[PDB]
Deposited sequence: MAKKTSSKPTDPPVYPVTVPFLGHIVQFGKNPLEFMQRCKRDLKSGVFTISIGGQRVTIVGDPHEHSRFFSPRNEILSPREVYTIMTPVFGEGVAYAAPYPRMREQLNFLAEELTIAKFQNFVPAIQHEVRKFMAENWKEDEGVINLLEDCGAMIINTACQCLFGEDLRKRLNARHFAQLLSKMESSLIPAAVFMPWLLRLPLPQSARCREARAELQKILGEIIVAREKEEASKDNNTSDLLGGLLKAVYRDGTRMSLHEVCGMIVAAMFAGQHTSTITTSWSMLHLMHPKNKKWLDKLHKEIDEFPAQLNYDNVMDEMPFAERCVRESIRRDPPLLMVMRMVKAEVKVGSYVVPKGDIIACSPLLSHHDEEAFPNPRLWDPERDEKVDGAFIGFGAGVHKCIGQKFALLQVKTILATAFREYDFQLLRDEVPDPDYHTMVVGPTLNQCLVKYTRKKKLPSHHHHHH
């Protein structure tokens, strides 16, 4: 029968913009607690948003098919970045084929030379930028630079990187990104407001696609196995080749998806590990990595870093970079004793569910040894058919960075406490001006 309870609204135009914008973690716990329901509804500018904040009900968000809970309508703001006809904007079966092709480029089959590529690039960075015996750095910025540099070294052949270096790629992604209005997911009318300067999303994507076109022409001329080369062998079930427009789009998706999420996960991980109270965990990290050779390989990172993986997964559990995942409800869904109606946005919140007292007791505590106490409660990388395809690659990057950085340097946070999360950006990370750290090169 029953609609989920709606948190009381006192200003109709805005709904709960003020309280949700200011502090999503507090506000979502408040609704859940005061409405006495894991499943509840808020308003963003009048759009109903129904949140499935009971982890026992996660599968009611993650299992229904696309024609019932449809991501397309929520992510139409990405069309200028990924492209028309690409990903979400393609018919559902074709979307799935395209994403599957990109997932195959990021599985363990492709990783055998990634660890040394990552390591070589990290060391280049540290040698260029962490030069003296000690120095002060912004860690969130530097981790960001290492994430883009490493991913490019892994995924793009040398011919590509001669036309399109990591800094130039970074600039292209920044222009695509800065054009986006995250709230237009809930309030599409925001696209009608004037901008402070012209957007450059369409020009930046056109330039990327033109570079890739030119690289392809050249490769074809000289007579194969980077990301670009793999996507060029993609053939759909209808017997047609993935187009240049689509290949470009999957490449943007891949770089775009990782750039803030992996950076932030790296940064948080290092921020907890270096905090004085977490000395026991840093010691345990050293036990695990202190017997490694200078030149790490696939086995060391994939098989011999379980504790460091737990550090990374717990940093995501505590402070998930993506606070919510969303679907447009095309046909009503039953969730527990409620029915979520057609036209709602339905969402599952890693932020909310990771603070559930049953699933994660003392959830503001960073405890790499914890396990979820409700199965499937951790949803940092989603679940079901839309689960993260970049998750293995991302974890390979982060763990390689950690093993390399903490081998050569000690770190000290220049404030008393790990940063507050800054909930003001669409991908959520530690507050930037709080991420000053002092490195000290270890006696070798």
How would you write out the unmodelled ranges of the deposited sequence, numbered from 1?
1-8, 232-237, 459-467
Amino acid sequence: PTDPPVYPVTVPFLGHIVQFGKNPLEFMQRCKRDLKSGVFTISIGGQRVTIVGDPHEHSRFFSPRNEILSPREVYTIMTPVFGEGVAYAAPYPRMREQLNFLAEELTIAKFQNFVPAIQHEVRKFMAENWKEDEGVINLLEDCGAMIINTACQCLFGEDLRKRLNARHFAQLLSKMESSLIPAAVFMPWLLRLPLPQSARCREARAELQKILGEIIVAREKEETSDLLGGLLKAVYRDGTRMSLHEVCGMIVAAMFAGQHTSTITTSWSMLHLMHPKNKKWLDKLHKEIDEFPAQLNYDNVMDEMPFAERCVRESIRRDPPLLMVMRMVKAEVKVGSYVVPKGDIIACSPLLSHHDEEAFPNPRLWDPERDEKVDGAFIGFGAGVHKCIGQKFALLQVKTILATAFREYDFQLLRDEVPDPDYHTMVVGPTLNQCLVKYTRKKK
From here on, numbers count along this sequence of modelled residues.
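The term rigid core refers to the maximal set of C-alpha atoms that superpose within 1.5 Å between the two forms.
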Quick note, superposing on core in 8 other deposited structures of this protein and taking C-alpha RMS, the more shifted stretch of 333-341 and 183-191 is 183-191
RMS CA shift, core-fitted in 8 other deposited structures of this protein, bigger for 414-422 or for 59-67:
59-67
Do at least a third of the other entries of this protein fail to model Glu291?
no
Relative to the other compared entries, is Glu304 without coordinates in a third or more of them?
no
Averaging the C-alpha B factors as listed in the entry, name the stretch that ends up higher: 125-133 or 200-208.
125-133
Decide which of the stretches 293-301 and 100-108 has the higher mean C-alpha B-factor, going by the entry.
293-301
Highest Cα B-factor in the PDB entry belongs to which of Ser225, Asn138, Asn362, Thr261?
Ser225
Just the C-alpha B-factor column, please: which of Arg317, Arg192, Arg161, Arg94 has the biggest number?
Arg161
Please place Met176 in the lowest, middle or highest third of its chain according to the CA B-factor in the PDB entry.
middle
Lowest, middle or highest third: which one holds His354 when the chain's residues are ordered by CA B-factor from the entry?
lowest
Comparing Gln19 with the other modelled residues of its chain, is its CA B-factor in the lowest, middle or highest third?
middle
In terms of its chain's C-alpha B-factors, the third that includes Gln397 is the highest
Check where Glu288 lands among this chain's C-alpha B-factors and tell me if it's the lowest, middle or highest third.
middle
